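Containing PDB, C-alpha atoms and all ligand atoms: coords31.pdb.
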```pdb
ATOM      1  CA  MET A   1       7.735  14.781 -42.277
ATOM      2  CA  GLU A   2       8.133  13.720 -45.916
ATOM      3  CA  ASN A   3       8.408  10.076 -44.824
ATOM      4  CA  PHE A   4       4.843   9.790 -43.514
ATOM      5  CA  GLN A   5       1.532   9.523 -45.336
ATOM      6  CA  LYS A   6      -1.318  10.627 -43.045
ATOM      7  CA  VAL A   7      -4.148   8.073 -43.140
ATOM      8  CA  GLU A   8      -6.636   9.493 -40.655
ATOM      9  CA  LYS A   9      -6.900  11.643 -37.562
ATOM     10  CA  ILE A  10      -6.961   9.530 -34.367
ATOM     11  CA  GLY A  11      -7.589  12.269 -31.853
ATOM     12  CA  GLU A  12      -6.410  15.290 -29.941
ATOM     13  CA  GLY A  13      -3.926  14.582 -27.187
ATOM     14  CA  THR A  14      -2.820  16.792 -24.287
ATOM     15  CA  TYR A  15       0.063  18.303 -26.261
ATOM     16  CA  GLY A  16      -0.805  17.767 -29.922
ATOM     17  CA  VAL A  17      -2.843  16.098 -32.629
ATOM     18  CA  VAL A  18      -2.410  12.368 -33.248
ATOM     19  CA  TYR A  19      -2.641  10.846 -36.746
ATOM     20  CA  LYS A  20      -2.574   7.295 -38.028
ATOM     21  CA  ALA A  21       0.179   7.342 -40.663
ATOM     22  CA  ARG A  22       2.217   5.076 -42.936
ATOM     23  CA  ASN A  23       5.996   5.207 -43.332
ATOM     24  CA  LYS A  24       6.508   5.864 -47.064
ATOM     25  CA  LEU A  25       9.749   3.826 -47.057
ATOM     26  CA  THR A  26       9.112   0.843 -44.761
ATOM     27  CA  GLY A  27       5.297   0.754 -45.089
ATOM     28  CA  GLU A  28       5.082   0.627 -41.276
ATOM     29  CA  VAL A  29       1.773   1.864 -39.812
ATOM     30  CA  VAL A  30       2.305   4.186 -36.854
ATOM     31  CA  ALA A  31       0.624   6.742 -34.601
ATOM     32  CA  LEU A  32       2.147  10.133 -35.284
ATOM     33  CA  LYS A  33       1.871  12.818 -32.596
ATOM     34  CA  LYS A  34       2.606  16.323 -33.790
ATOM     35  CA  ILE A  35       3.460  18.805 -31.029
ATOM     36  CA  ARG A  36       3.927  22.544 -31.700
ATOM     37  CA  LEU A  37       7.372  23.100 -30.094
ATOM     38  CA  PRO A  45      12.884  23.395 -25.434
ATOM     39  CA  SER A  46      16.132  21.410 -25.289
ATOM     40  CA  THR A  47      15.581  19.795 -21.851
ATOM     41  CA  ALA A  48      12.289  18.338 -23.181
ATOM     42  CA  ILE A  49      14.060  16.785 -26.197
ATOM     43  CA  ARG A  50      16.735  15.214 -23.984
ATOM     44  CA  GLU A  51      14.092  13.741 -21.652
ATOM     45  CA  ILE A  52      11.807  12.424 -24.378
ATOM     46  CA  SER A  53      14.694  10.962 -26.414
ATOM     47  CA  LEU A  54      15.668   8.826 -23.395
ATOM     48  CA  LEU A  55      12.184   7.258 -23.465
ATOM     49  CA  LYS A  56      13.216   5.437 -26.666
ATOM     50  CA  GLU A  57      15.093   2.990 -24.429
ATOM     51  CA  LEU A  58      12.159   2.484 -21.990
ATOM     52  CA  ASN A  59      10.781  -0.593 -23.747
ATOM     53  CA  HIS A  60       8.290  -3.095 -22.278
ATOM     54  CA  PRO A  61       5.395  -5.110 -23.731
ATOM     55  CA  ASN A  62       2.846  -3.052 -21.725
ATOM     56  CA  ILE A  63       4.308   0.354 -22.752
ATOM     57  CA  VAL A  64       3.434   1.771 -26.147
ATOM     58  CA  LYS A  65       6.686   1.725 -28.133
ATOM     59  CA  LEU A  66       8.247   5.079 -28.976
ATOM     60  CA  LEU A  67       9.806   4.407 -32.388
ATOM     61  CA  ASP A  68      11.300   7.843 -33.111
ATOM     62  CA  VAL A  69      11.520  11.434 -31.936
ATOM     63  CA  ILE A  70      11.800  13.910 -34.821
ATOM     64  CA  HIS A  71      12.515  17.563 -33.968
ATOM     65  CA  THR A  72      12.176  19.709 -37.081
ATOM     66  CA  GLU A  73      10.986  23.229 -38.037
ATOM     67  CA  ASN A  74       9.911  24.024 -34.444
ATOM     68  CA  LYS A  75       7.605  21.012 -34.340
ATOM     69  CA  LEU A  76       8.175  17.856 -32.350
ATOM     70  CA  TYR A  77       6.950  14.608 -33.899
ATOM     71  CA  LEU A  78       6.660  11.501 -31.761
ATOM     72  CA  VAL A  79       6.324   8.270 -33.723
ATOM     73  CA  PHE A  80       4.611   5.507 -31.736
ATOM     74  CA  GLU A  81       3.493   1.985 -32.415
ATOM     75  CA  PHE A  82      -0.149   1.988 -33.539
ATOM     76  CA  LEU A  83      -2.873   0.324 -31.488
ATOM     77  CA  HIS A  84      -6.425   0.177 -32.793
ATOM     78  CA  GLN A  85      -8.463   1.338 -29.730
ATOM     79  CA  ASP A  86      -8.317   3.043 -26.308
ATOM     80  CA  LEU A  87      -9.828   1.780 -23.060
ATOM     81  CA  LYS A  88     -12.265   4.688 -22.859
ATOM     82  CA  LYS A  89     -13.978   3.650 -26.104
ATOM     83  CA  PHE A  90     -14.012  -0.002 -24.982
ATOM     84  CA  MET A  91     -15.565   0.935 -21.609
ATOM     85  CA  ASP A  92     -18.239   3.016 -23.378
ATOM     86  CA  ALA A  93     -18.986   0.148 -25.812
ATOM     87  CA  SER A  94     -19.224  -2.251 -22.839
ATOM     88  CA  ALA A  95     -21.606   0.033 -20.872
ATOM     89  CA  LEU A  96     -24.636  -2.295 -21.096
ATOM     90  CA  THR A  97     -22.971  -5.544 -20.028
ATOM     91  CA  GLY A  98     -19.739  -4.343 -18.356
ATOM     92  CA  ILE A  99     -16.233  -5.672 -19.028
ATOM     93  CA  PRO A 100     -16.023  -9.264 -17.768
ATOM     94  CA  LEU A 101     -14.096  -9.532 -14.486
ATOM     95  CA  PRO A 102     -11.456 -11.847 -15.910
ATOM     96  CA  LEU A 103     -10.627  -9.255 -18.596
ATOM     97  CA  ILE A 104     -10.624  -6.430 -16.007
ATOM     98  CA  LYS A 105      -8.213  -8.513 -13.934
ATOM     99  CA  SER A 106      -5.978  -9.224 -16.957
ATOM    100  CA  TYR A 107      -5.873  -5.555 -17.878
ATOM    101  CA  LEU A 108      -5.060  -4.447 -14.321
ATOM    102  CA  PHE A 109      -2.317  -7.139 -14.104
ATOM    103  CA  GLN A 110      -0.749  -5.968 -17.352
ATOM    104  CA  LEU A 111      -0.952  -2.276 -16.427
ATOM    105  CA  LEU A 112       0.746  -2.997 -13.104
ATOM    106  CA  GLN A 113       3.555  -4.738 -15.032
ATOM    107  CA  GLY A 114       3.956  -1.629 -17.170
ATOM    108  CA  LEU A 115       4.082   0.580 -14.064
ATOM    109  CA  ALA A 116       6.472  -1.768 -12.248
ATOM    110  CA  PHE A 117       8.838  -1.539 -15.176
ATOM    111  CA  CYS A 118       8.775   2.248 -15.593
ATOM    112  CA  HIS A 119       8.915   2.851 -11.831
ATOM    113  CA  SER A 120      12.004   0.585 -11.579
ATOM    114  CA  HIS A 121      13.679   3.053 -13.969
ATOM    115  CA  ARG A 122      12.373   6.023 -11.919
ATOM    116  CA  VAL A 123      10.043   7.189 -14.684
ATOM    117  CA  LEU A 124       6.506   8.230 -13.700
ATOM    118  CA  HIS A 125       3.512   8.725 -15.951
ATOM    119  CA  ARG A 126       1.655  11.274 -13.771
ATOM    120  CA  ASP A 127      -1.454  11.552 -15.992
ATOM    121  CA  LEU A 128      -2.926   8.088 -16.380
ATOM    122  CA  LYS A 129      -6.486   7.993 -17.715
ATOM    123  CA  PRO A 130      -8.582   5.600 -19.838
ATOM    124  CA  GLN A 131      -7.798   7.659 -22.964
ATOM    125  CA  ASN A 132      -4.050   6.826 -22.765
ATOM    126  CA  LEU A 133      -4.553   3.100 -22.153
ATOM    127  CA  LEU A 134      -4.503   1.305 -25.468
ATOM    128  CA  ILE A 135      -5.787  -2.174 -26.325
ATOM    129  CA  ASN A 136      -5.495  -4.693 -29.152
ATOM    130  CA  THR A 137      -7.679  -7.620 -30.277
ATOM    131  CA  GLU A 138      -5.352 -10.238 -28.695
ATOM    132  CA  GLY A 139      -5.985  -9.138 -25.106
ATOM    133  CA  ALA A 140      -2.995  -6.824 -24.535
ATOM    134  CA  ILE A 141      -3.230  -3.386 -22.912
ATOM    135  CA  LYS A 142      -0.455  -0.771 -22.980
ATOM    136  CA  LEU A 143       0.276   2.582 -21.363
ATOM    137  CA  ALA A 144       0.668   5.534 -23.727
ATOM    138  CA  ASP A 145       2.368   8.928 -23.142
ATOM    139  CA  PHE A 146       4.634   7.603 -20.374
ATOM    140  CA  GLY A 147       7.227  10.231 -19.472
ATOM    141  CA  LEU A 148       5.642  13.149 -21.344
ATOM    142  CA  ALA A 149       4.435  14.899 -18.153
ATOM    143  CA  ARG A 150       8.001  15.246 -16.806
ATOM    144  CA  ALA A 151       9.185  16.684 -20.124
ATOM    145  CA  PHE A 152       6.322  19.156 -20.673
ATOM    146  CA  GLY A 153       4.333  19.431 -17.427
ATOM    147  CA  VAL A 154       0.629  18.571 -17.119
ATOM    148  CA  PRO A 155      -1.279  21.663 -18.229
ATOM    149  CA  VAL A 156      -4.700  22.892 -17.083
ATOM    150  CA  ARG A 157      -6.015  22.784 -20.654
ATOM    151  CA  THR A 158      -4.813  20.866 -23.698
ATOM    152  CA  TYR A 159      -3.468  22.449 -26.875
ATOM    153  CA  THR A 160      -7.127  22.666 -28.060
ATOM    154  CA  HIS A 161      -8.276  24.261 -24.758
ATOM    155  CA  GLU A 162      -9.980  21.067 -23.600
ATOM    156  CA  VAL A 163     -10.011  20.633 -19.824
ATOM    157  CA  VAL A 164      -7.392  18.127 -18.657
ATOM    158  CA  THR A 165      -9.301  15.691 -16.454
ATOM    159  CA  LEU A 166      -8.763  15.729 -12.694
ATOM    160  CA  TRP A 167     -10.624  12.462 -12.063
ATOM    161  CA  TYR A 168      -7.513  10.290 -11.691
ATOM    162  CA  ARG A 169      -5.327  12.812  -9.854
ATOM    163  CA  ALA A 170      -3.776  11.711  -6.557
ATOM    164  CA  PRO A 171      -4.566  13.691  -3.376
ATOM    165  CA  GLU A 172      -0.951  14.717  -2.765
ATOM    166  CA  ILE A 173      -0.959  16.532  -6.130
ATOM    167  CA  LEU A 174      -4.291  18.231  -5.356
ATOM    168  CA  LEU A 175      -2.928  19.324  -1.950
ATOM    169  CA  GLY A 176       0.042  21.055  -3.607
ATOM    170  CA  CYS A 177       3.005  18.726  -3.034
ATOM    171  CA  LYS A 178       5.835  19.549  -5.475
ATOM    172  CA  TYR A 179       7.573  16.181  -5.262
ATOM    173  CA  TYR A 180       5.448  13.391  -6.723
ATOM    174  CA  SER A 181       6.381   9.787  -6.169
ATOM    175  CA  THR A 182       5.546   6.698  -8.240
ATOM    176  CA  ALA A 183       2.554   6.354  -5.887
ATOM    177  CA  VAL A 184       0.641   8.941  -7.944
ATOM    178  CA  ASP A 185       0.377   6.384 -10.775
ATOM    179  CA  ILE A 186      -0.937   3.660  -8.423
ATOM    180  CA  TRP A 187      -3.675   6.058  -7.289
ATOM    181  CA  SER A 188      -4.691   6.758 -10.914
ATOM    182  CA  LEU A 189      -4.732   3.079 -11.776
ATOM    183  CA  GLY A 190      -6.895   2.297  -8.710
ATOM    184  CA  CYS A 191      -9.423   4.920  -9.883
ATOM    185  CA  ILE A 192      -9.432   3.340 -13.360
ATOM    186  CA  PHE A 193      -9.829  -0.185 -11.826
ATOM    187  CA  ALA A 194     -12.892   1.007  -9.924
ATOM    188  CA  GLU A 195     -14.297   2.598 -13.087
ATOM    189  CA  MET A 196     -13.956  -0.663 -15.043
ATOM    190  CA  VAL A 197     -15.772  -2.553 -12.313
ATOM    191  CA  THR A 198     -18.655  -0.163 -11.674
ATOM    192  CA  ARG A 199     -19.024   1.385 -15.146
ATOM    193  CA  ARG A 200     -18.909   4.876 -13.610
ATOM    194  CA  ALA A 201     -16.012   7.177 -12.722
ATOM    195  CA  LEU A 202     -15.048   6.887  -9.060
ATOM    196  CA  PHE A 203     -14.250  10.578  -8.384
ATOM    197  CA  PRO A 204     -15.607  12.679 -11.339
ATOM    198  CA  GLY A 205     -14.491  16.089 -10.013
ATOM    199  CA  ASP A 206     -15.065  19.230 -12.058
ATOM    200  CA  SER A 207     -12.615  21.480 -10.213
ATOM    201  CA  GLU A 208      -9.638  20.898  -7.920
ATOM    202  CA  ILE A 209     -11.755  21.395  -4.796
ATOM    203  CA  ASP A 210     -14.648  19.292  -6.107
ATOM    204  CA  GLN A 211     -12.115  16.557  -6.905
ATOM    205  CA  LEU A 212     -10.665  16.701  -3.400
ATOM    206  CA  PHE A 213     -14.051  16.787  -1.682
ATOM    207  CA  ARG A 214     -15.286  13.797  -3.754
ATOM    208  CA  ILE A 215     -12.251  11.861  -2.559
ATOM    209  CA  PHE A 216     -12.905  12.940   1.028
ATOM    210  CA  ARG A 217     -16.631  12.021   0.893
ATOM    211  CA  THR A 218     -15.730   8.412  -0.004
ATOM    212  CA  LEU A 219     -12.441   7.796   1.768
ATOM    213  CA  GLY A 220     -12.904  10.140   4.750
ATOM    214  CA  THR A 221     -11.296  13.524   5.250
ATOM    215  CA  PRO A 222      -7.615  12.780   5.868
ATOM    216  CA  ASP A 223      -6.010  13.669   9.172
ATOM    217  CA  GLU A 224      -2.658  13.166  10.888
ATOM    218  CA  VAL A 225      -3.749   9.669  12.073
ATOM    219  CA  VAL A 226      -4.009   8.243   8.544
ATOM    220  CA  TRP A 227      -1.608  10.598   6.770
ATOM    221  CA  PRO A 228       1.249  12.075   8.834
ATOM    222  CA  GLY A 229       2.071  15.563   7.652
ATOM    223  CA  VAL A 230      -1.161  16.092   5.685
ATOM    224  CA  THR A 231      -2.172  19.163   7.700
ATOM    225  CA  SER A 232       1.120  20.895   6.761
ATOM    226  CA  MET A 233       0.646  20.484   3.001
ATOM    227  CA  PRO A 234       0.565  23.701   0.927
ATOM    228  CA  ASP A 235      -3.130  23.627  -0.047
ATOM    229  CA  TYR A 236      -4.481  21.910   3.053
ATOM    230  CA  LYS A 237      -7.082  24.000   4.935
ATOM    231  CA  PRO A 238      -8.240  23.262   8.475
ATOM    232  CA  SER A 239     -11.690  24.366   7.265
ATOM    233  CA  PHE A 240     -12.065  21.299   5.016
ATOM    234  CA  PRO A 241     -15.291  19.559   6.009
ATOM    235  CA  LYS A 242     -14.834  16.338   8.011
ATOM    236  CA  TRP A 243     -16.528  13.459   6.205
ATOM    237  CA  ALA A 244     -16.622   9.895   7.523
ATOM    238  CA  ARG A 245     -15.082   7.082   5.532
ATOM    239  CA  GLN A 246     -17.450   4.802   3.584
ATOM    240  CA  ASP A 247     -17.201   1.004   3.348
ATOM    241  CA  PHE A 248     -15.575  -0.282   0.135
ATOM    242  CA  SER A 249     -18.464  -2.725  -0.092
ATOM    243  CA  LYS A 250     -20.521   0.336  -1.124
ATOM    244  CA  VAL A 251     -17.810   1.827  -3.368
ATOM    245  CA  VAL A 252     -17.158  -1.005  -5.842
ATOM    246  CA  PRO A 253     -19.948  -3.552  -5.718
ATOM    247  CA  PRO A 254     -20.018  -6.366  -6.678
ATOM    248  CA  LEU A 255     -16.223  -6.703  -6.553
ATOM    249  CA  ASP A 256     -14.944  -9.612  -4.373
ATOM    250  CA  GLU A 257     -12.913  -9.245  -1.150
ATOM    251  CA  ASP A 258      -9.529  -9.787  -2.870
ATOM    252  CA  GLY A 259     -10.282  -7.002  -5.368
ATOM    253  CA  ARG A 260     -11.609  -4.688  -2.642
ATOM    254  CA  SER A 261      -8.461  -5.341  -0.579
ATOM    255  CA  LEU A 262      -6.191  -4.493  -3.508
ATOM    256  CA  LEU A 263      -8.222  -1.385  -4.407
ATOM    257  CA  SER A 264      -8.156  -0.141  -0.792
ATOM    258  CA  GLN A 265      -4.356  -0.469  -0.755
ATOM    259  CA  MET A 266      -4.062   1.395  -4.091
ATOM    260  CA  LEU A 267      -6.089   4.274  -2.629
ATOM    261  CA  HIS A 268      -4.266   4.730   0.688
ATOM    262  CA  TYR A 269      -3.948   8.444   1.389
ATOM    263  CA  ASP A 270      -0.328   8.304   2.568
ATOM    264  CA  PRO A 271       1.792   7.796  -0.593
ATOM    265  CA  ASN A 272       4.322   5.917   1.580
ATOM    266  CA  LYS A 273       1.679   3.396   2.592
ATOM    267  CA  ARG A 274       0.129   3.071  -0.872
ATOM    268  CA  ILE A 275       0.897  -0.318  -2.410
ATOM    269  CA  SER A 276       3.688  -0.410  -5.023
ATOM    270  CA  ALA A 277       3.172  -1.871  -8.490
ATOM    271  CA  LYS A 278       5.575  -4.716  -7.651
ATOM    272  CA  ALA A 279       3.710  -5.548  -4.422
ATOM    273  CA  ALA A 280       0.345  -5.307  -6.206
ATOM    274  CA  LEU A 281       1.470  -7.937  -8.744
ATOM    275  CA  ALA A 282       1.913 -10.386  -5.829
ATOM    276  CA  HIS A 283      -1.550  -9.668  -4.415
ATOM    277  CA  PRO A 284      -3.954 -12.658  -4.059
ATOM    278  CA  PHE A 285      -6.433 -11.021  -6.476
ATOM    279  CA  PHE A 286      -4.118 -12.184  -9.287
ATOM    280  CA  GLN A 287      -3.871 -15.823  -8.150
ATOM    281  CA  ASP A 288      -6.299 -16.903 -10.942
ATOM    282  CA  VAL A 289      -5.350 -14.282 -13.554
ATOM    283  CA  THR A 290      -5.751 -15.302 -17.194
ATOM    284  CA  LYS A 291      -5.473 -13.546 -20.564
ATOM    285  CA  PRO A 292      -8.912 -13.442 -22.228
ATOM    286  CA  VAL A 293      -9.482 -11.899 -25.648
ATOM    287  CA  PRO A 294     -11.828  -8.905 -25.702
ATOM    288  CA  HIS A 295     -14.987  -8.104 -27.599
TER     289      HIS A 295
HETATM  290  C1  LIG A 301      -7.233  11.677 -26.698
HETATM  291  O1  LIG A 301      -7.481  11.160 -28.009
HETATM  292  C2  LIG A 301      -7.652   9.739 -28.039
HETATM  293  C3  LIG A 301      -8.649   9.313 -29.129
HETATM  294  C4  LIG A 301      -8.863   7.789 -29.053
HETATM  295  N1  LIG A 301      -7.596   7.027 -28.890
HETATM  296  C5  LIG A 301      -7.234   6.149 -29.907
HETATM  297  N2  LIG A 301      -8.209   5.639 -30.655
HETATM  298  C6  LIG A 301      -7.952   4.777 -31.642
HETATM  299  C7  LIG A 301      -6.635   4.413 -31.894
HETATM  300  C8  LIG A 301      -5.619   4.961 -31.101
HETATM  301  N3  LIG A 301      -4.313   4.566 -31.385
HETATM  302  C9  LIG A 301      -3.133   5.015 -30.779
HETATM  303  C10 LIG A 301      -3.089   6.162 -29.981
HETATM  304  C11 LIG A 301      -1.888   6.552 -29.409
HETATM  305  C12 LIG A 301      -0.737   5.766 -29.669
HETATM  306  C13 LIG A 301       0.358   6.414 -28.941
HETATM  307  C14 LIG A 301      -0.159   7.484 -28.322
HETATM  308  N4  LIG A 301      -1.505   7.595 -28.597
HETATM  309  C15 LIG A 301      -2.425   8.617 -28.074
HETATM  310  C16 LIG A 301      -2.875   8.178 -26.653
HETATM  311  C17 LIG A 301      -3.129   9.485 -25.850
HETATM  312  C18 LIG A 301      -2.779  10.642 -26.832
HETATM  313  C19 LIG A 301      -1.774   9.981 -27.804
HETATM  314  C20 LIG A 301      -0.857   4.627 -30.476
HETATM  315  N5  LIG A 301      -2.033   4.294 -31.001
HETATM  316  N6  LIG A 301      -5.950   5.823 -30.124
HETATM  317  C21 LIG A 301      -6.525   7.556 -28.012
HETATM  318  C22 LIG A 301      -6.306   9.044 -28.290
END
```

Here is the file; what I need is its structure written in the form of structure tokens.
Ligand SMILES: COC1CCN(c2nccc(Nc3cc4c(ccn4C4CCCC4)cn3)n2)CC1
Amino acid sequence: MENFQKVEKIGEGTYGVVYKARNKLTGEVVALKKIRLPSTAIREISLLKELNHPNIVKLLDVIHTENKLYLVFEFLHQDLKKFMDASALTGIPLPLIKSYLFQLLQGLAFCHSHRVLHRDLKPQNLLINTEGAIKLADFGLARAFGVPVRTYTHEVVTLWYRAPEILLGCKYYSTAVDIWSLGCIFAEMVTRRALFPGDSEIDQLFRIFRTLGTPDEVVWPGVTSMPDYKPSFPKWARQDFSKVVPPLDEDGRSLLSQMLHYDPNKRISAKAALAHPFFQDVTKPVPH
């Protein structure tokens, strides 16, 4: 696009390269995603231009030209993954964790109210600024393109935040899949280690089962009829959350437990999570 001066490469996304760029006319600084490209995808993505919220990265423009799709986003200076890594020695202070979770739930509540799911939440698509805001990036792209096994650069797309219903082969995802992912990220902020760092679909599932118990018809009606469910799955006992996310307090453990319910019908909604007692003393700290 003749209107954009590339400043520097930001990274490699799932679908294409991302550059920091400047608009040659307006001087606006943006994040420019270049995807090597489907008419249904364009329709779907174009409708995301109206899905505006303070905790969703703004989609400024969608430019389809010469069999390439450019997505022009607001620029944020850092992702949560880098912040977590830089905070590895001391950890992210609880009040900032709480603020971030609160804001992310607001973002989800908004998108879910418009029946738009993310489906591939991970620390790398959560973006932060120096004023204490956090925003969800790439919302809606999974419905338009699918979530592939490998990225455009052949990198493995992480399974760590994937909900069990997806792993077990359900074709119809609900908004609950995003609550699962956010619960995994919450736990990761608190403990400074990924909750379920699976390196294959079955390793991912068995890591979930080892912590939360192997699901059965008691806790998840219909689970044994799911496409990829096998009666031969080992039967692991459920662990206490006290062991899973120390030293998180009882309000946080309660919220996390409800975000990781097996049955997507039982899993807490973003709206209901915002009303949880964990947020009674929520503040908006500024990060290091
Ligand atoms: C997977 O590669 C990651 C590399 C590190 N990250 C990053 N570091 C600095 C600034 C920034 N700014 C930024 C990134 C943005 C947007 C809108 C979308 N993205 C990325 C997020 C996931 C892939 C597209 C706005 N600012 N992002 C996220 C992308």

So that I can see what lies close to residue 27 of chain A, please list as a PDB file with C-alpha atoms, in the coordinates of the input the residues with an atom at most 12 Å from it, counting all atoms listed in the file and leaving out residues fewer than 5 positions away in the same chain.
```pdb
ATOM      1  CA  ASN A   3       8.408  10.076 -44.824  1.00  0.00           C
ATOM      2  CA  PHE A   4       4.843   9.790 -43.514  1.00  0.00           C
ATOM      3  CA  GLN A   5       1.532   9.523 -45.336  1.00  0.00           C
ATOM      4  CA  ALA A  21       0.179   7.342 -40.663  1.00  0.00           C
ATOM      5  CA  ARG A  22       2.217   5.076 -42.936  1.00  0.00           C
TER       6      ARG A  22
END
```

Applied to the shown file, which residues does the PyMOL selection byres (((chain A and resi 227) around 10) and not hetatm) return, written as a ChimeraX atom specification? /A:222-226,228-231,268-273

Answer key for the PyMOL selection byres (((not hetatm)) within 9 of (chain A and resi 301)), residues as a ChimeraX atom specification: /A:9-20,30-33,64-66,78-89,129-135,143-145

Quick one: distance from atom CA of residue 277 of chain A to atom CA of residue 197 of chain A in Å, one decimal?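 Taking atom CA of residue 277 of chain A and atom CA of residue 197 of chain A, their separation equals 19.3 Å.
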
Counting all atoms listed in the file, the residue among A:256, A:235, A:127, A:208 that lies closest to residue 175 of chain A is A:235

Shell of 12 Å around residue 294 of chain A, all atoms listed in the file, local chain residues under 6 positions omitted, as a list in words: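 The neighbour list is residues 85, 87, 90, 91, 93, 94, 98, 99, 100, 101, 102, 103, 104, 106, 107, 135, 136, 137, 138, 139, 140 and 141 of chain A.
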
When you count all atoms listed in the file, which of these residues is closest to residue 115 of chain A: A:61, A:259, A:155, A:292? A:61

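Candidate residues A:266, A:173, A:151, A:280 were compared for distance to residue 209 of chain A, and the nearest is A:173, using all atoms listed in the file.
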
Atomic distance atom CA of residue 34 of chain A - atom CA of residue 157 of chain A, expressed in Å with one decimal: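 Between these atoms lies a distance of 17.0 Å.
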
Running the PyMOL selection byres (((chain A and resi 60) around 12) and not hetatm) on this model by hand, what would come out? Give it as a VMD selection string. chain A and resid 55 to 59 61 to 66 110 to 118 120 to 121 141 to 144 146

Please indicate the distance in Å from atom CA of residue 245 of chain A to atom CA of residue 276 of chain A, rounded to one decimal place.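 We find that atom CA of residue 245 of chain A and atom CA of residue 276 of chain A lie 22.8 Å from each other.
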
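Take the candidates A:275, A:76, A:69, A:282 and check each one against residue 45 of chain A using all atoms listed in the file; the shortest distance goes to A:76.
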
Considering all atoms listed in the file, return as number ranges by chain whatever protein or nucleic-acid residues lie within 10 Å of residue 153 of chain A, sequence-local ones (same chain, fewer than 4 positions apart) excluded. A: 15, 48, 126-127, 147-149

Keeping only C-alpha atoms, write the selected residues to a file as a compact mmCIF listing (two decimals), in the coordinates of the input.
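Everything below was put into out-v7.txt:
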```
# COMPACT_ATOMS: atom_id res chain seq x y z
CA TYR A 15 0.06 18.30 -26.26
CA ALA A 48 12.29 18.34 -23.18
CA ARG A 126 1.66 11.27 -13.77
CA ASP A 127 -1.45 11.55 -15.99
CA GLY A 147 7.23 10.23 -19.47
CA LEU A 148 5.64 13.15 -21.34
CA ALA A 149 4.43 14.90 -18.15
```

When you look at residue 263 of chain A with a cut-off of 9 Å (counting only C-alpha atoms), what residues show up, excluding the ones that are within fewer than 5 positions of it in the same chain? I need them as an NGL selection string. :A and (190-191 or 193-194 or 248 or 258 or 268)

Got a sec to check which residues sit within 12 Å of (-14.0, 16.7, -8.6), counting only C-alpha atoms, and write them as a PyMOL selection string? chain A and resi 165-171+174+201-217

Take the selection from the previous step and output its residues with C-alpha atoms, as an mmCIF file, keeping the file's coordinate frame.
```cif
data_model
loop_
_atom_site.group_PDB
_atom_site.id
_atom_site.type_symbol
_atom_site.label_atom_id
_atom_site.label_comp_id
_atom_site.auth_asym_id
_atom_site.auth_seq_id
_atom_site.Cartn_x
_atom_site.Cartn_y
_atom_site.Cartn_z
ATOM 1 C CA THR A 165 -9.301 15.691 -16.454
ATOM 2 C CA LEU A 166 -8.763 15.729 -12.694
ATOM 3 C CA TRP A 167 -10.624 12.462 -12.063
ATOM 4 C CA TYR A 168 -7.513 10.290 -11.691
ATOM 5 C CA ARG A 169 -5.327 12.812 -9.854
ATOM 6 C CA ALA A 170 -3.776 11.711 -6.557
ATOM 7 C CA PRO A 171 -4.566 13.691 -3.376
ATOM 8 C CA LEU A 174 -4.291 18.231 -5.356
ATOM 9 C CA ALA A 201 -16.012 7.177 -12.722
ATOM 10 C CA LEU A 202 -15.048 6.887 -9.060
ATOM 11 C CA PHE A 203 -14.250 10.578 -8.384
ATOM 12 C CA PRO A 204 -15.607 12.679 -11.339
ATOM 13 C CA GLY A 205 -14.491 16.089 -10.013
ATOM 14 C CA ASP A 206 -15.065 19.230 -12.058
ATOM 15 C CA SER A 207 -12.615 21.480 -10.213
ATOM 16 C CA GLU A 208 -9.638 20.898 -7.920
ATOM 17 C CA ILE A 209 -11.755 21.395 -4.796
ATOM 18 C CA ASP A 210 -14.648 19.292 -6.107
ATOM 19 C CA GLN A 211 -12.115 16.557 -6.905
ATOM 20 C CA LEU A 212 -10.665 16.701 -3.400
ATOM 21 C CA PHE A 213 -14.051 16.787 -1.682
ATOM 22 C CA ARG A 214 -15.286 13.797 -3.754
ATOM 23 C CA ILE A 215 -12.251 11.861 -2.559
ATOM 24 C CA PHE A 216 -12.905 12.940 1.028
ATOM 25 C CA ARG A 217 -16.631 12.021 0.893
#
```

The centre and edge lengths of an axis-aligned box containing all atoms of segment 187-206 of chain A present in the file, extended by 4 Å on each side, are to be given in Å to one decimal, as lines of an AutoDock Vina configuration file.
```
center_x = -11.3
center_y = 8.3
center_z = -11.2
size_x = 23.3
size_y = 29.8
size_z = 15.9
```
